[PDB]
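In what follows, a structure is listed as structure tokens, so that the remarks can point back to it.
Cβ sites come from the backbone with ideal geometry, for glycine too, and all protein chains shown count toward neighbours. Numbers and lists here come from the model and the stated rules, or from a named source; no laboratory instrument gave them.
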Amino acid sequence: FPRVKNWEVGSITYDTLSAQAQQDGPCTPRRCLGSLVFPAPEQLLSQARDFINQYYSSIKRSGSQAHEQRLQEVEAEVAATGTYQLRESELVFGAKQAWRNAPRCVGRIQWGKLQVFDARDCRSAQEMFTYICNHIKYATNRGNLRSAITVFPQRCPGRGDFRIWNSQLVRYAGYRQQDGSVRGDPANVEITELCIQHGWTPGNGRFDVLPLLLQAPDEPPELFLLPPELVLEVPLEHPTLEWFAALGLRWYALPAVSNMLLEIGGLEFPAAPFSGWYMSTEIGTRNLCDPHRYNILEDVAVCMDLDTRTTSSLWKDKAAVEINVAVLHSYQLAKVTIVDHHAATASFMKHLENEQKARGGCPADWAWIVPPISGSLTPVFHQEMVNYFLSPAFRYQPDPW
Amino acid sequence: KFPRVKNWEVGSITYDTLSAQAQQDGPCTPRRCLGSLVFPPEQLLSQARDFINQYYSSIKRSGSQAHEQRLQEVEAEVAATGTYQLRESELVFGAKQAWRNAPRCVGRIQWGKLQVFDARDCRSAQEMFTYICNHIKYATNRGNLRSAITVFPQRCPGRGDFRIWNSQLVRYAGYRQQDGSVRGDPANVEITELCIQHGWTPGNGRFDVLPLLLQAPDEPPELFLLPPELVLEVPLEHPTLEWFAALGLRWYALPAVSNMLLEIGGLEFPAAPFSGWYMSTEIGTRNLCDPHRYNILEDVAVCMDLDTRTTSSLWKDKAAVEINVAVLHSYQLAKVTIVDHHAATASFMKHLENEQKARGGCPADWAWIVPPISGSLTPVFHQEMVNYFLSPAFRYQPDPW
Ligand code: HEM
Ligand code: HEM
Ligand SMILES: Cc1cc(N)nc(-c2cc(Cl)cc(CN(C)C)c2)c1
Ligand SMILES: Cc1cc(N)nc(-c2cc(Cl)cc(CN(C)C)c2)c1
Ligand SMILES: C[C@H](O)[C@H](O)[C@H]1CNc2nc(N)[nH]c(=O)c2N1
Ligand SMILES: C[C@H](O)[C@H](O)[C@H]1CNc2nc(N)[nH]c(=O)c2N1
Ligand SMILES: [Cl-]
Ligand SMILES: [Cl-]
Ligand SMILES: [Gd+3]
Ligand SMILES: [Gd+3]
Ligand SMILES: [Zn+2]
């Protein structure tokens, strides 16, 4: 039973939930690989067995009539068809637990407040687009963002997968350039090509929203433009540095991840986009200041009068703090939900306390929970954590191309 | 079998073949990752062969005359006496390799420049004291700091051990009050109680240098006042916040770690203090801002007139950067060697490439190589890393009680 200490306070707990980690991960006693980014009817039955047990525990009906019935049921359907079907309530629970179990998500204090949209009757790439537009519209909610997930038909024997090819519903083009560079966001160079290759007329700005590439089973991907008024965006300004609006920077309101696989009781939903709201450091630090992304740090620092000839002046740390201030002010000026790394990490500490009393522990990836600026100023820096994989879960999956 | 390791800023891919060795099994298993945790007769012969085998390959001398010869003398030394002594160059070679193998040390680009003082012919604390004092004054060198280690006698059964009872050689007092709360450094509260228990005059200050408690085998400790002209300290001023000086903060110049156990070739020296120079964030962010340390962050933010009434103003981030600017400025004006986290991380990347060429890898502990402010603004943040245990090594060890 791993003993875990908080160093700010001195307190100590033991992560007994870790001892039930099912699917296994990348470390051995020889070597830790925690820092790596990307590390049969009988088994479907025992996964499904396990999830059903979970679900009946969470409704306070373990060992009951309905419980054993549903086991008998699920086995009969795997025997007859090779798969089975989630009931709707079971689906809502399995998607909430997936969020709860996500080790690298700092936002998990909210895991119980999740709007689940059932798209499992979906039928083409065209219906898919309509369900997606509805999701974006419900979640954006004019800037008062809500947490939502839409679940498209499960992977099943005989038919291909639904897939969203875009890593997120809202992404900006990244055009490789004349002189070997990139206009727009360089993380989206590949999907940008794919879009042009599938009939998109490119733009040439730095913040061009990309069309959606949607894949119906056994179909090529289909291109869909998002209606402009569905994509709420936020012009970035700085409360005191007024030249900052002359950078022309923007970001969008809704973070909607769309390339992850949701696994519930052995079933796999390769298309199930989900969305919450941003933490300011994703936008301010990573998306804008990463050397391999928009890379605005030096330009801000020059403008700020800072001496960028020596690193001991800490120009990078200064410019980056003001970039974050701009991101929070901008989102509050526009009345668009946003959480800063101090509030986010503080409520994550509340999540670890709630979870220790509930399940005796909480899967957490320290290097992803700790923000990329001001780490030891947040309380999660001083919290030891145990990283492991519980099911239901969101998994990464390879790109459909 | 050879971990693939990627750099996300550039896209480069390398393989850690060096990971193949790894003696003292790490704390992680395929079911849970524990990387974030701070503190996770004739066996002597195997450890001794391998260390000697290292030595000779590192001087292009494996499998030649003096190597097989040196293999016999240790065979005979342990056969006769159940232990062995190290040739002076081997002790030199082991101390440098241990440093080279410290996964959490970001300064290992310096690993080949180490001054080893052999203190093995030692007995009594009154003698250790002058060994420690020659180190300190050689290490300090009037602010032009120099890496040194002093190795006190190894260990045998039936006999006590040399131990330094302080974690560092320069530690500041920590006194409680009519209400538990601490004046001085709360990290040292415990060893401050012992010095007072062992008849030391407690001061009335936030920055009283503690006296060493040195211990000779099978004997009680003995207090020692360090020569006040030997303790080089740096008063903290900010180059443009004129009031910062008046806050009366100081830190000492020499980070000198006197509680880890040097393990070379199968022998264990529980007393082997090493020293280098500080990285600025160690002082500015960890020591002066950690909630359980000096915790000055909010008192600096009031003086800068920042808005402490909401965390979205990023006042913590703002005050922390200026504290760090004051540390770098104060040390440079005092002409004392110090390195900022940008300069240090870039050098550590350079170390990683050196070591990939030399030894096909490098054990590195991501969570401690990435600095505690401005993490993703340094290149090590975007470097995947592999953590494992090589020998010779430094190890943590029980407090001497
Ligand atoms: C409501 C506000 C939310 C916030 C503030 C938040 C925050 C974050 C952040 C900062 C990350 C790290 C991502 C990065 O650095 O690129 C992350 C990862 C992640 N989040 Fe959340 N999130 C929220 C909602 C959600 C929702 C609604 C879901 C799913 C239903 C979710 C599932 C995930 C997953 C699957 C990951 C991948 C991490 C892993 O592999 O475990 N999050 N989150
Ligand atoms: C020359 C400049 C050096 C710098 C800037 C430096 C920096 C650091 C830092 C920042 C840490 C993290 C420790 C903490 O956060 O409390 C560390 C750990 C450590 N350093 Fe260095 N260091 C230097 C020299 C040395 C030398 C000379 C030695 C010994 C020969 C050494 C051996 C270690 C060891 C054993 C650790 C413990 C980490 C571990 O392996 O678990 N360092 N160092
Ligand atoms: C729902 C949600 C909220 C949020 N605040 N963030 C995310 C996020 C998740 C993943 Cl799995 C990947 C990314 C992309 N990152 C490189 C910035 C963002 C997701
Ligand atoms: C030689 C050296 C240089 C440096 N720059 N740092 C260290 C250090 C090491 C450890 Cl094992 C612990 C600490 C103390 N920490 C609480 C800050 C400092 C050591
Ligand atoms: C190599 C390194 O592990 C990688 O850059 C990780 C580190 N921690 C992170 N943490 C978060 N939240 N998001 C990230 O993208 C990363 N990247
Ligand atoms: C719990 C967590 O592992 C612990 O607080 C670590 C994190 N990273 C650190 N990094 C350094 N350099 N020093 C530390 O003390 C710590 N503390
Ligand atoms: Cl993003
Ligand atoms: Cl220190
Ligand atoms: Gd102005
Ligand atoms: Gd005034
Ligand atoms: Zn690990």
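Some points to look at:
- Counting residues in the range B:246-258 that are farther than 26 Å from B:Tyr138 by Cβ and within 16 Å of ligand 10 (Cβ to nearest atom) gives one or more.
- Here A:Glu282, A:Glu268, A:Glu298 are screened, and the one residue that is more than 11 Å from every other protein chain (Cβ to nearest Cβ), away from ligand 6 (no atom under 16 Å from the Cβ) and under 24 Å from A:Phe389 (Cβ atoms) is A:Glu268.
- Number of positions in the range A:335-387 that are on the phi > 0 side of the Ramachandran plot and assigned by CATH to the domain that holds A:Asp317: 1
- For the range B:234-265, taking the residues that are under 20 Å from B:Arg293 (Cβ atoms) and of a type in the set (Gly, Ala, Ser), the one that is farthest from ligand 6 (Cβ to nearest atom) is identified as B:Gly248.
- Those strands (runs of 3 or more DSSP E) of the range A:110-185 in which 1 or more residues are small (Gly, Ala, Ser) occupy A:148-151, A:174-176, A:182-184.
Residue-by-condition table, conditions (1) surrounded by fewer than 20 Cβ atoms within 10 Å (Cβ to Cβ); (2) more than 29 Å from B:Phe117 (Cβ to Cβ); (3) within 16 Å of ligand 10 (Cβ to nearest atom):
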{"site": "B:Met260", "(1), (2), (3)": "no, no, no"}
{"site": "B:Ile283", "(1), (2), (3)": "no, no, no"}
{"site": "B:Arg286", "(1), (2), (3)": "yes, no, no"}
{"site": "B:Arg293", "(1), (2), (3)": "yes, yes, no"}
{"site": "B:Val336", "(1), (2), (3)": "no, no, no"}
{"site": "B:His341", "(1), (2), (3)": "no, yes, no"}
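- Among the residues listed as B:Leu230, B:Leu194, the single one being touching a helix residue (DSSP H, G or I) at 6+ places or on another chain (Cβ under 9 Å) and within 29 Å of B:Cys289 (Cα to Cα): B:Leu230
- Screening B:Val106, B:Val74, B:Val78 for residues that are assigned to a loop (DSSP other than H, G, I, E, B), away from chain A (no Cβ under 14 Å) and surrounded by 15 or more Cβ atoms within 10 Å (Cβ to Cβ) leaves exactly one candidate, B:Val106.
- Of the residues making up the range B:374-398, those that are in contact with a strand residue (DSSP E or B) (Cβ under 8 Å, 6 or more places away or on another chain), within 7 Å of another protein chain (Cβ to nearest Cβ) and not hydrophobic (A, V, I, L, M, F, W, C) are B:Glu384, B:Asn387, B:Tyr388.
- Checked across the range A:355-368, the condition of being more than 8 Å from chain B (Cβ to nearest Cβ), touching a helix residue (DSSP H, G or I) at 6+ places or on another chain (Cβ under 8 Å), of a type in the set (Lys, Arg) and closer than 25 Å to A:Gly284 by Cα holds for no residue.
- Residues that are in a loop (DSSP other than H, G, I, E, B), over 27 Å from A:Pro157 (Cα atoms), within 14 Å of chain B (Cβ to nearest Cβ) and over 30 Å from the mean Cα position of the chain (by Cα) are absent from the range A:51-70 altogether.
- Under the condition of being out of contact with any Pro (no Cβ under 8 Å at 6 or more places or on another chain), assigned to a helix (DSSP H, G or I) and within 30 Å of B:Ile338 (Cβ to Cβ), the residues counted in the range A:298-335 number 19.
- For the range A:353-365, the tally of residues that are surrounded by 23 or more Cβ atoms within 10 Å (Cβ to Cβ) and not small (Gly, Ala, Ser) stands at 2.
- Restricted to the range B:234-258, and to residues there that are among the hydroxyl-bearing types (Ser, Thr, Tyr) and surrounded by fewer than 23 Cβ atoms within 10 Å (Cβ to Cβ), the residue that is farthest from ligand 9 (Cβ to nearest atom) is B:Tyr252.
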